[PDB]
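Asks: Quick one: the structure is below, questions incoming.
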Amino acid sequence: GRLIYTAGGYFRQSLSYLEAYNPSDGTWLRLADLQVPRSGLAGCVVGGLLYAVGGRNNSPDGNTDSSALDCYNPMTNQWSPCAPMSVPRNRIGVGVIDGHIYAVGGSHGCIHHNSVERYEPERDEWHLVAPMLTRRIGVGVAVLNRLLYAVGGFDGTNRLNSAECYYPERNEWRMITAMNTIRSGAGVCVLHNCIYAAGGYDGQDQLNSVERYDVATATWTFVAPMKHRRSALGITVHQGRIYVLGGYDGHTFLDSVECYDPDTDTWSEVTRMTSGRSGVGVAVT
Ligand SMILES: COc1ccc(S(=O)(=O)Nc2ccc(N(CC(=O)O)S(=O)(=O)c3ccc(OC)cc3)c3ccccc23)cc1
Ligand code: NA
Ligand code: NA
Ligand code: NA
């Protein structure tokens with residue numbers, strides 16, 4: 001009975017919503033709002049708790065990048081503040097290794113970060129780790145074999161098809177094979193020993209293409225495309241299928257949730273979000 005949690009996001013302004021989808025019964029729960037609205041954040045789970053990391057509050061009253069880390073306990077339906085990151089990071093990527101949260105890249109105003117930092121929930125402290133080899137905002141992150149992959153993004157000048165791999169024990173990054181497509185604001189996840197990158201923006205158009213990196217072969221291969229082009233989408237994996245949530249298609253904030261079945265190489269529409277939004281954080285617990 002694990003749920004897909006969606007936190008924050010944007011429609012007209014940054015949002016405070018926390019909602020959870022159950023693929024088993026098709027239900028949505030409306031859970032406790034975030035304390036502060038944010039879009040461009042990332043979600044992750046450590047030890048059955050949901051963490052909302054970074055992002056930005058884009059409001060009619062002003063725009064504020066976030067260094068916040070907040071923790072949601074499903075058992076109490078309550079958000080609790082944690083230690084903030086060293087710097088604000090909007091359009092952040094996040095991955096977890098061995099119970100530690102990595103905050104990768106993102107922007108603070110015009111600064112497009114190459115820096116990376118690591119949170120230890122048991123000490124409630126962040127520290128810097130090695131910087132990525134490239135500045136990346138709108139970067140997607142996934143973890144496989146206790147290595148962390150940072151995929152695509154924007155460096156402040158160029159939208160990127162490159163990607164790189166972090167080695168936590170050695171504390172170093174290495175460039176991996178570049179993707180077939182330039183993608184910022186893609187959904188990036190791990191499924192069956194491959195890193196998937198779904199959708200995003202190539203500098204000109206929102207994308208419906210999906211490609212996956214087979215780590216063993218160092219090769220990116222396209223799979224079936226999504227039905228809807230989308231950037232700033234949420235993504236996650238639940239019971240061996242990919243779910244993509246919302247995003248912007250170039251004209252509309254989407255409420256569409258599509259599900260990828262690797263066995264048949266097919267996408268299908270599985271539910272709608274309660275309202276269209278982009279820039280959400282997503283995780284499963
Ligand atoms: C036209 O030029 C571009 C088009 C698309 C892109 S991208 O999708 O690749 N990168 C992203 C852009 C914006 C984000 N958000 C808000 C912000 O950072 O200011 S959002 O989801 O909150 C949002 C707000 C307003 C929007 O209007 C249409 C669209 C998205 C992003 C949030 C997370 C990840 C990437 C984001 C970049 C440039
Ligand atoms: Na610190
Ligand atoms: Na993720
Ligand atoms: Na609706």
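Residues are referred to by chain and number: the chain letter is A, B, ... according to the order shown in the structure tokens, the number counts from 1 in that chain, and ligands are numbered separately from 1 in the order shown.
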Could you give me, as a list in words, every polymer residue with an atom at most 10 Å away from an atom of ligand 4, counting only C-alpha atoms and all ligand atoms?

Replies: residues 254, 255, 272, 273, 274, 275 and 276 of chain A

Asks: Each residue of chain A lying at most 10 Å from ligand 3 should get a row with its shortest atom-to-atom pair and the distance in Å to one decimal, counting only C-alpha atoms and all ligand atoms; could you produce that, ordered by chain and increasing number, as a Markdown table?

Replies:
| residue | atom | partner | partner_atom_place_in_ligand_line | distance |
| --- | --- | --- | --- | --- |
| A:42 | CA | ligand 3 | 1 (Na) | 6.9 |
| A:43 | CA | ligand 3 | 1 (Na) | 6.4 |
| A:44 | CA | ligand 3 | 1 (Na) | 6.4 |
| A:45 | CA | ligand 3 | 1 (Na) | 9.4 |
| A:93 | CA | ligand 3 | 1 (Na) | 7.4 |
| A:94 | CA | ligand 3 | 1 (Na) | 6.2 |
| A:95 | CA | ligand 3 | 1 (Na) | 6.3 |
| A:96 | CA | ligand 3 | 1 (Na) | 8.9 |
| A:140 | CA | ligand 3 | 1 (Na) | 7.3 |
| A:141 | CA | ligand 3 | 1 (Na) | 6.1 |
| A:142 | CA | ligand 3 | 1 (Na) | 6.1 |
| A:143 | CA | ligand 3 | 1 (Na) | 8.8 |
| A:187 | CA | ligand 3 | 1 (Na) | 7.7 |
| A:188 | CA | ligand 3 | 1 (Na) | 6.5 |
| A:189 | CA | ligand 3 | 1 (Na) | 5.9 |
| A:190 | CA | ligand 3 | 1 (Na) | 8.6 |
| A:234 | CA | ligand 3 | 1 (Na) | 8.0 |
| A:235 | CA | ligand 3 | 1 (Na) | 6.4 |
| A:236 | CA | ligand 3 | 1 (Na) | 6.1 |
| A:237 | CA | ligand 3 | 1 (Na) | 8.8 |
| A:281 | CA | ligand 3 | 1 (Na) | 7.7 |
| A:282 | CA | ligand 3 | 1 (Na) | 6.4 |
| A:283 | CA | ligand 3 | 1 (Na) | 6.4 |
| A:284 | CA | ligand 3 | 1 (Na) | 9.3 |

Asks: Please identify every residue of chain A that has at least one atom no farther than 6 Å from an atom of ligand 2, counting only C-alpha atoms and all ligand atoms, and for each give the shortest atom pair and the distance in Å to one decimal, arranged by chain then increasing number, as a Markdown table.

Replies:
| residue | atom | partner | partner_atom_place_in_ligand_line | distance |
| --- | --- | --- | --- | --- |
| A:125 | CA | ligand 2 | 1 (Na) | 4.9 |
| A:126 | CA | ligand 2 | 1 (Na) | 4.1 |
| A:127 | CA | ligand 2 | 1 (Na) | 4.8 |

Asks: Residues within 9 Å of ligand 1, counting only C-alpha atoms and all ligand atoms: report them as a ChimeraX atom specification.

Replies: /A:9-15,38-42,55-58,63,65,90-93,106-107,137-140,153-154,159,183-187,200-206,230-234,247-253,277-281

Asks: Per DSSP on the backbone, filter stretch 16-176 of chain A down to the residues in strand (DSSP E) and report them as a ChimeraX atom specification.

Replies: /A:18-22,27-31,42-46,49-53,56-59,62-65,69-73,78-81,93-97,100-104,107-108,111-112,116-120,125-129,140-144,147-154,159-167,172-176

Asks: Would you please work out which residue, of A:173, A:72, A:28, A:196, is nearest to residue A:221 when using only C-alpha atoms?

Replies: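 That would be A:196, the residue with the smallest distance to residue A:221.
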
Asks: Please report the interatomic distance between atom CA of residue A:176 and atom CA of residue A:134 in Å with one decimal.

Replies: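 Atom-to-atom, atom CA of residue A:176 and atom CA of residue A:134 are spaced 12.1 Å apart.
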
Asks: Which residue out of A:211, A:179, A:116, A:64 has the minimum interatomic distance to residue A:194 when only C-alpha atoms are used?

Replies: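 Selected residue with least distance to residue A:194: A:211.
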
Asks: Residues at most 12 Å from residue A:213, counting only C-alpha atoms, excluding those fewer than 6 positions away in the same chain, as a PyMOL selection string?

Replies: chain A and resi 142+144+149-151+162-165+176-180+188-198+219-223

Asks: Keeping only N, CA, C and O atoms, write the selected residues as a short mmCIF file (atom, residue, chain, number, x, y, z; two decimals), in the first residue's frame.

Replies:
data_model
loop_
_atom_site.label_atom_id
_atom_site.label_comp_id
_atom_site.auth_asym_id
_atom_site.auth_seq_id
_atom_site.Cartn_x
_atom_site.Cartn_y
_atom_site.Cartn_z
N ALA A 142 18.63 10.35 -10.43
CA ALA A 142 18.20 9.05 -9.94
C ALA A 142 19.41 8.26 -9.46
O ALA A 142 20.56 8.55 -9.82
N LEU A 144 21.30 4.47 -8.77
CA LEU A 144 21.34 3.05 -9.12
C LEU A 144 22.68 2.49 -8.65
O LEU A 144 23.69 3.13 -8.88
N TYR A 149 23.03 9.70 -10.43
CA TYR A 149 23.14 10.21 -11.78
C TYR A 149 22.44 11.57 -11.86
O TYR A 149 21.30 11.67 -11.41
N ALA A 150 23.11 12.56 -12.44
CA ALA A 150 22.51 13.87 -12.69
C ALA A 150 22.37 14.02 -14.20
O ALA A 150 23.37 13.85 -14.91
N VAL A 151 21.14 14.21 -14.66
CA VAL A 151 20.82 14.20 -16.07
C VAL A 151 20.22 15.47 -16.65
O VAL A 151 19.24 15.94 -16.21
N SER A 162 23.97 16.40 -21.73
CA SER A 162 24.99 15.66 -20.98
C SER A 162 24.41 15.11 -19.67
O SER A 162 23.36 15.53 -19.20
N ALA A 163 25.18 14.21 -19.06
CA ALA A 163 24.83 13.60 -17.78
C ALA A 163 26.12 13.15 -17.10
O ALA A 163 27.14 12.99 -17.77
N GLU A 164 26.05 12.93 -15.78
CA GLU A 164 27.23 12.63 -14.99
C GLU A 164 26.81 11.80 -13.79
O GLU A 164 25.65 11.79 -13.41
N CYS A 165 27.80 11.09 -13.25
CA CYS A 165 27.61 10.06 -12.24
C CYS A 165 28.46 10.43 -11.02
O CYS A 165 29.63 10.73 -11.17
N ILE A 176 29.11 10.76 -17.97
CA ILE A 176 28.63 9.56 -18.64
C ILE A 176 28.22 9.92 -20.07
O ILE A 176 28.38 11.05 -20.52
N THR A 177 27.76 8.91 -20.82
CA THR A 177 27.34 9.13 -22.20
C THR A 177 26.22 10.17 -22.23
O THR A 177 25.33 10.12 -21.39
N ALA A 178 26.29 11.13 -23.17
CA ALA A 178 25.22 12.12 -23.29
C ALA A 178 23.96 11.48 -23.88
O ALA A 178 24.02 10.52 -24.66
N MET A 179 22.80 12.03 -23.52
CA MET A 179 21.52 11.59 -24.06
C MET A 179 21.45 11.88 -25.55
O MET A 179 22.23 12.66 -26.10
N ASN A 180 20.45 11.24 -26.18
CA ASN A 180 20.08 11.45 -27.58
C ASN A 180 19.53 12.87 -27.78
O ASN A 180 19.66 13.44 -28.87
N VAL A 188 13.20 12.26 -14.33
CA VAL A 188 14.28 11.27 -14.35
C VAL A 188 14.02 10.28 -13.21
O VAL A 188 13.80 10.68 -12.06
N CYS A 189 14.10 8.98 -13.52
CA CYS A 189 13.84 7.96 -12.51
C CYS A 189 14.66 6.72 -12.84
O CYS A 189 15.34 6.70 -13.87
N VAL A 190 14.62 5.73 -11.94
CA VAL A 190 15.34 4.48 -12.14
C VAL A 190 14.32 3.33 -12.19
O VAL A 190 13.44 3.24 -11.34
N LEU A 191 14.50 2.45 -13.18
CA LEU A 191 13.64 1.28 -13.30
C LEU A 191 14.46 0.18 -13.97
O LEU A 191 15.06 0.42 -15.01
N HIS A 192 14.51 -1.01 -13.33
CA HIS A 192 15.18 -2.19 -13.88
C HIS A 192 16.59 -1.87 -14.40
O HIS A 192 16.89 -2.22 -15.53
N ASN A 193 17.43 -1.22 -13.59
CA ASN A 193 18.84 -1.05 -13.92
C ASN A 193 19.07 -0.06 -15.06
O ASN A 193 20.17 0.01 -15.63
N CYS A 194 18.05 0.76 -15.37
CA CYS A 194 18.19 1.81 -16.36
C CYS A 194 17.78 3.15 -15.75
O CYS A 194 16.90 3.20 -14.90
N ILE A 195 18.41 4.23 -16.21
CA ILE A 195 17.95 5.56 -15.82
C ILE A 195 17.07 6.11 -16.94
O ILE A 195 17.57 6.31 -18.04
N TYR A 196 15.81 6.48 -16.62
CA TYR A 196 14.91 6.99 -17.64
C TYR A 196 14.91 8.52 -17.60
O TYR A 196 15.02 9.13 -16.52
N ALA A 197 14.83 9.15 -18.76
CA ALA A 197 14.59 10.58 -18.84
C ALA A 197 13.39 10.77 -19.76
O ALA A 197 13.47 10.40 -20.93
N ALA A 198 12.29 11.33 -19.20
CA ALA A 198 11.00 11.45 -19.88
C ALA A 198 10.67 12.93 -20.05
O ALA A 198 10.73 13.71 -19.09
N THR A 219 24.65 3.15 -22.76
CA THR A 219 23.97 3.53 -23.99
C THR A 219 22.57 4.06 -23.66
O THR A 219 21.89 3.44 -22.86
N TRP A 220 22.16 5.17 -24.31
CA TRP A 220 20.80 5.70 -24.20
C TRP A 220 19.96 5.21 -25.38
O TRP A 220 20.35 5.40 -26.54
N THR A 221 18.76 4.69 -25.09
CA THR A 221 17.87 4.18 -26.12
C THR A 221 16.48 4.80 -25.93
O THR A 221 15.96 4.80 -24.81
N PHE A 222 15.88 5.26 -27.03
CA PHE A 222 14.48 5.69 -26.92
C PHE A 222 13.55 4.51 -26.67
O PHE A 222 13.71 3.42 -27.23
N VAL A 223 12.54 4.79 -25.85
CA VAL A 223 11.40 3.90 -25.69
C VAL A 223 10.16 4.60 -26.26
O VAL A 223 10.28 5.58 -27.00
#
